[PDB]
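Shown here is one chain on its own, the form deposited in one PDB entry, set out as structure tokens.
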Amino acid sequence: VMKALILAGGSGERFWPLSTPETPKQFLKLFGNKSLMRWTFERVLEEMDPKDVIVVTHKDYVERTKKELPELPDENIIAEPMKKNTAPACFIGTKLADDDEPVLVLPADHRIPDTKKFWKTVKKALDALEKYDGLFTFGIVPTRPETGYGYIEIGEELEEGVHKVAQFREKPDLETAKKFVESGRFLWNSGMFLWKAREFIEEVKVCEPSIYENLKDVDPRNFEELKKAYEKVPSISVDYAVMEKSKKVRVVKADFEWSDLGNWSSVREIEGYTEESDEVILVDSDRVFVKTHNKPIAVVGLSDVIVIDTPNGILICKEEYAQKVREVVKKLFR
């Protein structure tokens, strides 16, 4: 008896020109001709009955979610009145479980190719959840001082493979993040969580009452009642709202390869640089990532660059600047 809560992700802005302007990243078909969301759903269905899966998402994306995920019952798509970030989404989705029921909370727009190792780790977390309670995170070994992740300080070994969390720090500044990675005492928050419904609801009561007092009585399926509640409700992530403040966080180490697919460089990391061919010509150019559309692309005198050609536009991006495609979209659709 478990529920799985799939959270709509944010914008596909950093994947321009593949991405149409406001389209959520979770709909991108970056691999195997299926959306990030679809692969996520299929990973969940490996062990779960679709009736036990909830997608909490903005109302605009409901119809396309139905289409991506025909196996999901319609009643299991909770349409949000507006974008309030993950804490209110978590709350309303979690409220649909029984008090004593675990809820696996998953972003829609990550990539985890080994679905068996994924479930291996989730089963270890479920067993640990039974023994220790608390809010469970899944930690990845950090390879860089990334400033858009949360950092989980590994605390006392509850048992082999499962630790308390000395502290949770969401999106530290660069110099803080450097020191974390350099200490060896931290893992990256993979952005997925596990908790028993009741226990998370009470942590929100304590941690962020503004959400709890307004949603506690709300029927998530009744849009009108949700819309009124959500206006009184603050926009904030679960990480800041709850994780950074809770006294009972636990971490398990991820048994699996993972990515949040932050930008075009994330994609290159997975597929590799592009080789020369009849469509990709490289003269004095190393470490290029090129996606051709309908014609040859030649790159001369430049290394460490991303070139993406689609009917919507062409991006030519110095690798280390891949985050700034956000700014391209700001200028293009203002």
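Each form is matched to the other, and the largest set of C-alpha atoms that superpose within 1.5 Å is called the rigid core. Residue indices: 1-based, along the sequence shown.
Taking the PDB entry as given, 211 to 219 carries the higher mean Cα B factor of the two stretches 185 to 193 and 211 to 219. Higher average CA B factor: 63 to 71, of the stretches 63 to 71 and 264 to 272. The PDB entry assigns its highest CA temperature factor, among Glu257, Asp109, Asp239, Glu157, to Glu157. Taking only the listed residues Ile77, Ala177, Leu126, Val251, the entry reports the highest CA temperature factor at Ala177. In the deposited entry, the Cα temperature factor of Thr40 places it in the lowest third of its chain's modelled residues. In the PDB entry, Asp309 places in the lowest third of its chain by CA B-factor.
In this PDB entry, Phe118 carries a Cα temperature factor that places it within the lowest third of its chain's modelled residues. For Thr94, the recorded CA temperature factor ranks within the middle third of the chain's modelled residues. Sorting the modelled residues of the chain by their CA temperature factor places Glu46 in the lowest third.
What comes next is about the form deposited in another entry, which does not appear here.
A 2 Å or larger CA shift between this form and the one not shown, after fitting on the rigid core, occurs at just one of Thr115, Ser259, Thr147, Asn76, namely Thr147.
Superposition on the rigid core between this form and the one not shown places the CA atom of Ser183 2 Å or more away from its counterpart. Annotation for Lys164: C-alpha shift under 2 angstroms between this form and the one not shown, rigid core superposed.
Superposition on the rigid core between this form and the one not shown places the CA atom of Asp173 2 Å or more away from its counterpart. The Cα-Cα distance between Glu63 and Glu22 is shortened by 3 Å or more in the other entry relative to the form shown here.
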